[PDB]
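Here you get one chain, nothing else, as structure tokens; it is the form deposited in one PDB entry.
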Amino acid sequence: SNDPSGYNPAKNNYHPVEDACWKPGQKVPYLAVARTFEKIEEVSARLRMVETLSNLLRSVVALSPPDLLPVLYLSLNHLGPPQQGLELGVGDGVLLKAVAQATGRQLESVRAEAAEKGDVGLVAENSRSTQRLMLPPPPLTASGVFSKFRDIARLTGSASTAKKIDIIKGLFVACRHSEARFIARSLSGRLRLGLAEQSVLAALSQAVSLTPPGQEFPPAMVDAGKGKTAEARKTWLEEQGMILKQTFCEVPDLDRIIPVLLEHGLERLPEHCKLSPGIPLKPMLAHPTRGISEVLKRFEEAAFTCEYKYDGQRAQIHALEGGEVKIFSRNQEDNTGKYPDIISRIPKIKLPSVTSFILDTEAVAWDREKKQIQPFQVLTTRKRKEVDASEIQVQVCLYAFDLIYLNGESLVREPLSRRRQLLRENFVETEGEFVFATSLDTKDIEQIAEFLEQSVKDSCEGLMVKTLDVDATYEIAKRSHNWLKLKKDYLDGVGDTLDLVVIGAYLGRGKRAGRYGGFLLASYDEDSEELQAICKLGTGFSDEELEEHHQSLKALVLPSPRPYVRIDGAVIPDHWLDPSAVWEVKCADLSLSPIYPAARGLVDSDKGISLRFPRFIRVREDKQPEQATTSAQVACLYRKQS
């Protein structure tokens, strides 16, 4: 058809056949995908992005259904189902090396341009590949590009990085128009679309509803909404959207869903893809809540429970009929090999009447000598894969807080009151191994405030708050953040704030391109009279405040660092700043740092101290660097976490 360079999936009255830029049965050109990404990136309304992607997907369904799965993965910037663990092994480092080689430029020139533009894609797009012959290779296809990404991910072992670079250079030699922009962005993990998983699902359900799969070509039905009123069409697409979303939340695996969609259609989907032990599901998440009054505003008169928010890692534990056990992370990564200790303890936690289950738990590092919870930083020293039981050094205690499936029954549509009762009755607590989350069922503001204080004294982050009977199910498609998280550091004037010195700035990427995206901060070490880097900072300022920072710090730029500023192994700022600006910064906790020099030697011989979840609060106009938080004060704050 038309040249893909003119493809317009944002067109009014888009016709899936007549407005496609490829012919029936042809492989979807990658430029059609790139042009769709361009039209998505250009707008800010999600509904417009969804419509534009839906248009592409409808053409793929009508003309080239085998390319639906790769086009979806390209749009998500995924390589496959998360539990399979495919990794490119390519970050900005390898990518920039490949761009420099492909274009015949020095690495430092490419690296500087990428930082100034805030986007590796703009560098790859606007320089020619010097491996080009006079006549270019054939145009890239969507399935071809996706398969090359998978080729990169499958390369392993010694000398594999050079082989990955060879594939990347091969892609850039074949790119036309905007293709190199989005190839580079995909490899760097920054597509910049404004459209991600929820909008992709909305576009997919819309596409297969409007243009049904499986029709004989040319399709008799290219727009199944045309005979409906706008109102009826909206209700219908909402209903179809929810069928897809709820299925995906139970089975978040397009390798499973898309073959079924193409063969049987969306209405029959839940009959083929259902929640089942052994298939990871999307977990229920939590909305930050900045005080107890906000909890009551949110839940109104509905009864709720408060639970300790344990400071570990989420572990979704699956016991299949027949005895097999699998464990998955919050993001569906397979963690079974990480927890041989947990797997051996399953017979100890479940009563013998339990034949299958999916449990929702927090894995927390546990000191068996002292019988107490250990920090997250201890938990993260566990080995990750193919771990044998005898070698475990850091023991774990599971804190169980939900039950999603039991003895063949999905509990996703059941109220927490019932799920929790089934949990409490069919599982067995053992101190230091498997325990139900500490909880309080109350509506008393004074009791809740005291329970929050106690959770912190008992080594937890705060509270989780969950309704028991009103909108109390585990239906992620209806509300993915159905629980509330209440932390003391959310409250204004409560928690540890530090006054820290701005000693450097980093050029922004993406939404921050053309200004500063982050800053390097320092505490004041009284004893050496030096400023010591403590953390970087990149959230907490409004867009207006960030522009004010850019204009107020420009006069402080230095060509070289001051000799009394120490950053050791911290990332060197793009712009050094004369120490002057002092900012109020809040954090959740202080951590022992392998890189930052702040307070090194005061708590640990080799490690200084950094901030967990730092965020900007406000400028301290009334403070100069000498009155910033001292490194000794930092050490005192760390110690009193106990």
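All residue numbers are counted from 1 along the displayed sequence. So that the term is clear: the rigid core is the largest set of C-alpha atoms that superpose within 1.5 Å between two forms.
Keep in mind that the form deposited in another entry is not shown, yet the notes after this line are about it.
- Candidate set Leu204, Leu398, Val90, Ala570; criterion, C-alpha shift of 2 Å or more between this form and the one not shown after rigid-core fit; matching residue, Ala570.
- Relative to the superposed rigid core, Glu179 undergoes a CA displacement smaller than 2 Å between this form and the one not shown.
- The two forms, fitted on the rigid core, differ between this form and the one not shown by 2 Å or more at the CA of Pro614.
- When two forms of a protein are overlaid on their rigid core, residues whose CA moves 2 Å or more are considered shifted, and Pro70 is not one of them between this form and the one not shown.
- Three angstroms is the minimum change: in that other deposited form, the CA atoms of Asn482 and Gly241 sit farther apart than in this structure, by 3 Å or more.
- Between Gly89 and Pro594, the Cα spacing is larger in that other deposited form than in the shown form, differing by no less than 3 Å.
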